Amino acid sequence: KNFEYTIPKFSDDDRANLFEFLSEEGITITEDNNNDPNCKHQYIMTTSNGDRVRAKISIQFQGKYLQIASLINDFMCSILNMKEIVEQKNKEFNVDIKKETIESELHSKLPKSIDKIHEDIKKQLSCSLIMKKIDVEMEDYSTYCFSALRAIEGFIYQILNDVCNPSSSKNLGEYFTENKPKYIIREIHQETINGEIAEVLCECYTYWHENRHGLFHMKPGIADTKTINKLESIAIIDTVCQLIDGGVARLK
């Protein structure tokens, strides 16, 4: 599998070198020969498994395997600044928002989980809650789900990460196996996971996986222009927070 991602702007150095550390744990990056030259630098990003990647120039990656792909993504969330968005929307919209308002909404959403989950997650959830603030009706709400789904996905890692701290840094499916109702932990991990932790994980994963599947499965031969209804989105955003907030409480 391969990928290419082209990022406009970026780093201005700060972000890039900034970016690299995180990848520091743990992949190997080395400069490489730059040929035709709108590009200041070219790098190769490496792994024990056999990954490869690229650069750079307002930056581009092409890579052999997905894994660096994830890391680059998590970071960009990391860049993510809440205050930051706010100016944009109003500029997008008439509406003026006290950002500090949302947390009220957000805190309200995760009464027992607010301070027990990674900031990264909050940011995604907070993004999803924008919808409640804006009166204007809209064509598509899918984006709001996307944030929701992202949060829950992270939430799963957060648990996974603590419960099993693995060099491998693999993928969610890996931990999980299929049963006709709620999903279950792969047998291989049942030794280690094997909890009420498992139940929380499975409850969450199952919600994510199907919704992800519902949203992104495409029929071959089709050119979808469909849109996601508001209630349609609310159920999801709301449902997720409950799982997250609920999970934390249940796993005191």
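Throughout, we count residues from 1 along the sequence that is shown.
Participant: Mind giving me a quick count class for deposited residues absent from the model between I29 and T30? Options are none, 1 to 3, 4 to 9, 10 or more.
Facilitator: Nothing is missing between them.
Participant: Would 149-157 or 70-78 have the larger average of its C-alpha temperature factors, as given in the entry?
Facilitator: On average, C-alpha B-factors are higher across 70-78.
Participant: Taking the mean of the C-alpha B-factors per stretch from the entry, tell me the winner out of 160-168 and 118-126.
Facilitator: Result of the comparison: 160-168.
Participant: Highest Cα temperature factor in the entry, among the options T101, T177, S113, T143: which one is it?
Facilitator: Checking the PDB record, the top C-alpha B-factor among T101, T177, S113, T143 is at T101.
Participant: Pick out which of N33, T227, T206, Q62 has the highest C-alpha B-factor in the PDB entry.
Facilitator: When the deposited C-alpha B-factors of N33, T227, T206, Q62 are compared, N33 is largest.
Participant: Looking at the entry's B-factor column for C-alpha atoms only, identify whether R212 ranks in the lowest, middle or highest third of its chain.
Facilitator: Its C-alpha B-factor belongs to the lowest third of this chain's values.
Participant: Taking only the Cα B-factors deposited for this chain, tell me whether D51 sits in the lowest, middle or highest third.
Facilitator: Answer is highest: the recorded C-alpha B-factor places it there.
Participant: Per the entry's values, where does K40 land by CA temperature factor relative to the rest of its chain, in the lowest, middle or highest third?
Facilitator: CA B-factor rank for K40: highest third.
Participant: Going by the CA temperature factor in the PDB record, which third of the chain does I188 belong to: lowest, middle or highest?
Facilitator: For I188, the deposited C-alpha B-factor lands in the middle third.
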